[PDB]
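Each remark here refers to the structure printed beneath this line.
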Amino acid sequence: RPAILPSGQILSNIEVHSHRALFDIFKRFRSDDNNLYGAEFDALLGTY
Amino acid sequence: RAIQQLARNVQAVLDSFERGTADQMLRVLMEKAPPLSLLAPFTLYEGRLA
């Protein structure tokens, strides 16, 4: 569930996966996961 | 005298929130850093630890 326009361009060309546990949640794939290209949301239709 | 003491007291209480963040900065930076002894050789096997 990525953002569209970023805020800060990270510059350090560094390996990521080797530092797995450095942060909470992260998922990796190769390409065309077909989940990322899926629109989905939960709307409320009326207030009364 | 009462008001001058109150001023001289708020001057020291309000002050402490500068040294306070100066101390919290060290307190948080100290826990991130792994010892360099335990880090220098680790970054020479990267990508290979499969």
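If you're wondering about the labels, chains in the structure tokens are A, B, ... by order shown, residues count from 1 in each chain, ligands from 1 in order shown.
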
Name all residues at most 12 Å from residue A:27 (count only C-alpha atoms; drop same-chain ones fewer than 2 positions away) and give them as a PDB file with N, CA, C and O atoms, in the first residue's frame.
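And here is the file that came out, around-v1.pdb:
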ATOM      1  N   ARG A   1       0.831  -1.197   0.000  1.00  0.00           N
ATOM      2  CA  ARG A   1       0.000   0.000   0.000  1.00  0.00           C
ATOM      3  C   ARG A   1       0.868   1.250   0.000  1.00  0.00           C
ATOM      4  O   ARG A   1       0.920   1.975   0.993  1.00  0.00           O
ATOM      5  N   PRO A   2       1.538   1.508  -1.116  1.00  0.00           N
ATOM      6  CA  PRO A   2       2.530   2.585  -1.150  1.00  0.00           C
ATOM      7  C   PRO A   2       1.875   3.952  -1.243  1.00  0.00           C
ATOM      8  O   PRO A   2       0.684   4.094  -1.532  1.00  0.00           O
ATOM      9  N   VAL A  16      19.321  -4.010   1.814  1.00  0.00           N
ATOM     10  CA  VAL A  16      18.189  -3.866   2.719  1.00  0.00           C
ATOM     11  C   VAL A  16      17.943  -5.156   3.488  1.00  0.00           C
ATOM     12  O   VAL A  16      17.940  -5.163   4.725  1.00  0.00           O
ATOM     13  N   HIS A  17      17.728  -6.254   2.757  1.00  0.00           N
ATOM     14  CA  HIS A  17      17.239  -7.478   3.379  1.00  0.00           C
ATOM     15  C   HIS A  17      18.209  -8.021   4.421  1.00  0.00           C
ATOM     16  O   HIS A  17      17.777  -8.612   5.414  1.00  0.00           O
ATOM     17  N   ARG A  20      17.368  -7.209   8.079  1.00  0.00           N
ATOM     18  CA  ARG A  20      15.955  -7.555   8.181  1.00  0.00           C
ATOM     19  C   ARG A  20      15.293  -6.904   9.387  1.00  0.00           C
ATOM     20  O   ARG A  20      14.436  -6.027   9.239  1.00  0.00           O
ATOM     21  N   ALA A  21      15.707  -7.307  10.586  1.00  0.00           N
ATOM     22  CA  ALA A  21      14.992  -6.959  11.808  1.00  0.00           C
ATOM     23  C   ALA A  21      15.197  -5.517  12.250  1.00  0.00           C
ATOM     24  O   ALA A  21      14.764  -5.171  13.355  1.00  0.00           O
ATOM     25  N   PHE A  23      13.714  -2.935  11.335  1.00  0.00           N
ATOM     26  CA  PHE A  23      12.444  -2.222  11.393  1.00  0.00           C
ATOM     27  C   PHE A  23      11.290  -3.217  11.357  1.00  0.00           C
ATOM     28  O   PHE A  23      11.461  -4.392  11.021  1.00  0.00           O
ATOM     29  N   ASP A  24      10.107  -2.721  11.715  1.00  0.00           N
ATOM     30  CA  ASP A  24       8.983  -3.564  12.109  1.00  0.00           C
ATOM     31  C   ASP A  24       8.427  -4.459  11.002  1.00  0.00           C
ATOM     32  O   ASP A  24       8.545  -5.683  11.088  1.00  0.00           O
ATOM     33  N   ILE A  25       7.832  -3.880   9.957  1.00  0.00           N
ATOM     34  CA  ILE A  25       7.168  -4.647   8.907  1.00  0.00           C
ATOM     35  C   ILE A  25       7.802  -4.312   7.566  1.00  0.00           C
ATOM     36  O   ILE A  25       8.022  -3.135   7.255  1.00  0.00           O
ATOM     37  N   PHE A  29       9.323  -8.660  -2.883  1.00  0.00           N
ATOM     38  CA  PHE A  29       8.894  -9.490  -3.996  1.00  0.00           C
ATOM     39  C   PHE A  29       9.805  -9.199  -5.180  1.00  0.00           C
ATOM     40  O   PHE A  29      10.756  -8.418  -5.080  1.00  0.00           O
ATOM     41  N   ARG A  30       9.511  -9.837  -6.312  1.00  0.00           N
ATOM     42  CA  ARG A  30      10.333  -9.656  -7.500  1.00  0.00           C
ATOM     43  C   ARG A  30       9.745  -8.602  -8.435  1.00  0.00           C
ATOM     44  O   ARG A  30      10.385  -7.584  -8.703  1.00  0.00           O
ATOM     45  N   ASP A  33       3.331  -8.211  -8.465  1.00  0.00           N
ATOM     46  CA  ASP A  33       2.711  -9.000  -7.408  1.00  0.00           C
ATOM     47  C   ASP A  33       1.207  -9.143  -7.600  1.00  0.00           C
ATOM     48  O   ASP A  33       0.597 -10.011  -6.967  1.00  0.00           O
ATOM     49  N   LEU A  36      -0.376  -5.259  -5.320  1.00  0.00           N
ATOM     50  CA  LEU A  36      -0.104  -3.826  -5.359  1.00  0.00           C
ATOM     51  C   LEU A  36      -0.977  -3.118  -6.388  1.00  0.00           C
ATOM     52  O   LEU A  36      -1.457  -2.004  -6.147  1.00  0.00           O
TER      53      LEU A  36
END

Please tabulate, as a tab-separated table, the residues of chain B that come within 9 Å of chain A, each with its closest pair of atoms and the distance in Å to one decimal, counting only C-alpha atoms and ordering rows by chain, then residue number upward.
residue	atom	partner	partner_atom	distance
B:46	CA	A:18	CA	6.8
B:47	CA	A:18	CA	6.8
B:49	CA	A:18	CA	8.0

File of the preceding selection, N, CA and C atoms, as a PDB file, in the first residue's frame:
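What ended up in again_19.pdb:
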ATOM      1  N   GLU B  46      28.340  -9.056   3.741  1.00  0.00           N
ATOM      2  CA  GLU B  46      26.997  -8.727   3.286  1.00  0.00           C
ATOM      3  C   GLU B  46      26.695  -9.373   1.940  1.00  0.00           C
ATOM      4  N   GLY B  47      25.429  -9.739   1.747  1.00  0.00           N
ATOM      5  CA  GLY B  47      25.001 -10.383   0.523  1.00  0.00           C
ATOM      6  C   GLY B  47      25.372 -11.851   0.443  1.00  0.00           C
ATOM      7  N   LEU B  49      25.601 -13.925   3.291  1.00  0.00           N
ATOM      8  CA  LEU B  49      25.185 -14.676   4.470  1.00  0.00           C
ATOM      9  C   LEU B  49      23.931 -15.504   4.200  1.00  0.00           C
TER      10      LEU B  49
END

What residues in chain A get the DSSP label helix (DSSP H, G or I)? Please answer as a PDB file with C-alpha atoms, in the first residue's frame.
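Dumped everything to selection-v9.pdb:
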ATOM      1  CA  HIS A  17      17.239  -7.478   3.379  1.00  0.00           C
ATOM      2  CA  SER A  18      20.475  -8.300   5.211  1.00  0.00           C
ATOM      3  CA  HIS A  19      19.282  -5.754   7.795  1.00  0.00           C
ATOM      4  CA  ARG A  20      15.955  -7.555   8.181  1.00  0.00           C
ATOM      5  CA  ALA A  21      14.992  -6.959  11.808  1.00  0.00           C
ATOM      6  CA  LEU A  22      16.079  -3.296  11.868  1.00  0.00           C
TER       7      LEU A  22
END

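In this model, the gap between atom CA of residue B:42 and atom CA of residue A:12 comes to 17.7 Å.
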